[PDB]
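Structure record follows, encoded as structure tokens.
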Amino acid sequence: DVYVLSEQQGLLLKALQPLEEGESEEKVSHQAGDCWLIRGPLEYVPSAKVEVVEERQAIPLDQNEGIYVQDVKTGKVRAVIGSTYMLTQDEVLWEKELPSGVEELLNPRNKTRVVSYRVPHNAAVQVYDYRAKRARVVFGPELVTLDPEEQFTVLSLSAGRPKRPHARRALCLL
Amino acid sequence: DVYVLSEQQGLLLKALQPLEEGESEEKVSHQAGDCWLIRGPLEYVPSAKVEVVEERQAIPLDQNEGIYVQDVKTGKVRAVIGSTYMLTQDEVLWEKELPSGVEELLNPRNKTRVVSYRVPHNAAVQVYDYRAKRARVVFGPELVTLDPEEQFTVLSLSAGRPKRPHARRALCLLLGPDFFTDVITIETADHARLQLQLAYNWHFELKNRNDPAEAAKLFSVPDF
Numbered sequence: 322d323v324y325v326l327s328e329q330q331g332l333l334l335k336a337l338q339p340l341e342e343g344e345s346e347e348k349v350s351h352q353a354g355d356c357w358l359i360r361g362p363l364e365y366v367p368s369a370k371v372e373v374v375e376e377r378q379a380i381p382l383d384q385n386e387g388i389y390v391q392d393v394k395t396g397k398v399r400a401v402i403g404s405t406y407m408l409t410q411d412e413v414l415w416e417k418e419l420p421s422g423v424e425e426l427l428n451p452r453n454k455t456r457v458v459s460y461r462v463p464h465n466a467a468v469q470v471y472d473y474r475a476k477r478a479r480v481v482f483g484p485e486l487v488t489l490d491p492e493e494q495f496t497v498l499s500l501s502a503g504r505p506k507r508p509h510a511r512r513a514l515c516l517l
Numbered sequence: 322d323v324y325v326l327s328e329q330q331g332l333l334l335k336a337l338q339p340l341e342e343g344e345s346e347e348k349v350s351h352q353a354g355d356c357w358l359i360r361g362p363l364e365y366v367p368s369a370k371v372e373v374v375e376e377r378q379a380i381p382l383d384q385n386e387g388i389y390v391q392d393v394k395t396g397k398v399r400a401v402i403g404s405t406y407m408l409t410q411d412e413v414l415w416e417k418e419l420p421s422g423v424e425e426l427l428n451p452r453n454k455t456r457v458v459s460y461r462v463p464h465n466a467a468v469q470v471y472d473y474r475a476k477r478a479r480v481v482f483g484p485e486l487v488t489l490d491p492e493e494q495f496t497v498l499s500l501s502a503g504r505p506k507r508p509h510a511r512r513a514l515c516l517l518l519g520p521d522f523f524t525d526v527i528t529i530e531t532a533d534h535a536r537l538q539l540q541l542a543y544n545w546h547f548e549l550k551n552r553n554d555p556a557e558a559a560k561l562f563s564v565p566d567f
């Protein structure tokens, strides 16, 4: 059956054979050794010169929330948020991870989606950028969305009648 | 049988075949790979070029009450309230959820319908927007309907003869005159310890319902 498909659906199409600039709907040249995604509310059939790869699907999203991506080629990684967004021909989900900052963050998860943390208006937190090296801060009643490389600057509050620094931890500053 | 159907009923219609701009009642073009809902007090039969999908039905509603929706495409989410409203061709119910704020809210549920909370006239609550980042406040004898992303700013009241902050929780702020008792020990300069039972009359002033900033003062304290 012809691959009729919704715009939400997508198909990467690796080619076993060299250029297809002719008789393609896009007329675009396509050398072997690299290929492309196809999507849109339309029917499609594989050409003899090209093979189907995978059924990447819609990745629904709303504002101030999203998922990480990274190019296989250049290797650059970035978060993306807001509009619904499928991986393109090369981008892939990337696994962000934390140095035991997660359980406090909660106070099972697909880490590939961008991590975020609601900040109480009294609270404030630090994020020391390791990319542009531009550390920055939030202060107010709003959620915060990390760049994947930007680790939190967690603080170790003192606690108890004796003031022991190790006694408690809280990323937020009340 | 022909799909005769009430306006309340609806049918999404995915097409297996390309454009149907011809001989359609709407004359509208319809490329394959994306499709549309059909509804209205009318009979309908599927075309050979298109297949039936699902029987989405009426979603009855009244004023100041409704349900969440989100586009599969743009991914934008919004509450809708008031008039009865079926999901369109792409919109779908979305699952709002809370950080254990629910049981207090009650003081089993389909979370996809918009959550709401009646507010007693003495009571007031905060909602710190995470979308437009426009935090806002209610104060009066009226129900409140959240934007799905707008979490409550729950407060942790102190309780007991000792004043322990962790002891109680209440999203509402009963800011009326109702005096609260307090017990604080003290000692005289001559080293004579003594206990005290001391009531506190109290109330929050409000120059205007109109000014958000005074409410920002009301919520500025973690625990007044």
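Keeping their order, the protein sequence lines are chains A and A'. A prime marks a further copy of an entry chain. Mapping of the first sequence onto the entry's author numbering: residues 322 to 428, 451 to 517, in sequence order. Mapping of the second sequence onto the entry's author numbering: residues 322 to 428, 451 to 567, in sequence order. Here a beta-carbon is modelled for each residue, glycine too, at the ideal position from N, C-alpha and C.
Classification of residue i by the beta-carbon crowding that lies within 10 angstroms, buried from 16 upward
i	result
A':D392	buried
A:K417	buried
A:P451	exposed
A':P491	buried
A':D533	exposed
A':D322	exposed
A:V480	exposed
A:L337	exposed
A:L427	exposed
A:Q329	buried
A':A535	exposed
Nearest residue (CA-CA) to residue i, options the options
i	options	result
A':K476	A:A478, A:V487 and A:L333	A:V487
A:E493	A:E485, A:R511 and A:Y471	A:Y471
A:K397	A:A510, A:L382, A:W415 and A:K348	A:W415
A:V374	A:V458, A:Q352 and A:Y324	A:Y324
A':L340	A:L363, A:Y406 and A:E372	A:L363
A':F495	A':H509, A':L427 and A':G422	A':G422
A':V564	A':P420, A':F547, A':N553 and A':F522	A':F547
A:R461	A:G403, A:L419 and A:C515	A:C515
A':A542	A':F522, A':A558, A':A535 and A':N553	A':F522
A':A510	A':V457, A':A559, A':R474 and A':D566	A':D566
A:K454	A:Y473, A:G403 and A:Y389	A:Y389
A:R456	A:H351, A:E347 and A:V401	A:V401
A':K335	A':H351, A':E346 and A':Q540	A':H351
A':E557	A':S345, A':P420 and A':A467	A':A467
Strand pairing of residue i, partner residues [DSSP]
i	result
A:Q469	A:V480
A':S459	A':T488
A':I529	A':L537
A:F495	A:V470
A':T524	A':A542
A:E375	A:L333
residue 440 of chain A	Placed between 428 and 451 in the numbering, residue 440 of chain A has no coordinates, as chain A goes from one to the other without interruption by modelled residues.
A':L363	A':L326
A':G503	According to DSSP, A':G503 bridges with nothing at all.
A':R399	A':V390
A:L358	A:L333
Close-in-space but distant-in-sequence residues of the same chain around residue i (CB under 7 Å, 5 per side omitted)
i	result
A':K394	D411
A:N465	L517
A':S404	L382
A:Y406	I380 and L382
A':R399	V390
A:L419	none
Spatial neighbours of residue i in its chain, beta-carbon cut-off 6 Å, leaving aside the 5 residues before and after
i	result
A:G483	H464
A':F562	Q469
A':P520	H546
Contacts around residue i, its chain only, beta-carbon distance under 8 Å, and the 5 residues preceding and following it disregarded
i	result
A':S459	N385, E386, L486, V487, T488 and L489
A:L332	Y324, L326, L358, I359, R360, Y365, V373, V374, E375, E376 and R377
residue 439 of chain A'	Here chain A' breaks off after 428 and picks up again at 451, leaving residue 439 of chain A' without coordinates.
A':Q538	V526 and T528
A':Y473	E492, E493 and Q494
A':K348	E342
A:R512	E425, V497, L498, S499 and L500
A':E530	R536 and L537
A':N551	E557
Any non-hydrogen atom of the ligand HEM closer than 7 Å to residue i Cβ
i	result
A':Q540	Summarising the ligand content, the structure contains no ligands, and the ligand HEM is consequently not present.
- prompt: Is the segment 355-366 of chain A in contact with the segment 360-373 of chain A', if contact means three or more CB pairs nearer than 8 Å?
  reply: no
- request: Would you be able to state if there are at least three C-beta pairs under 8 Å between the segment 489-509 of chain A' and the segment 397-410 of chain A?
  value: no
message: Does the segment 523-542 of chain A' come into contact with the segment 504-512 of chain A', if we say contact requires no fewer than three beta-carbon pairs (one atom in each stretch) closer than 8 Å?
response: yes
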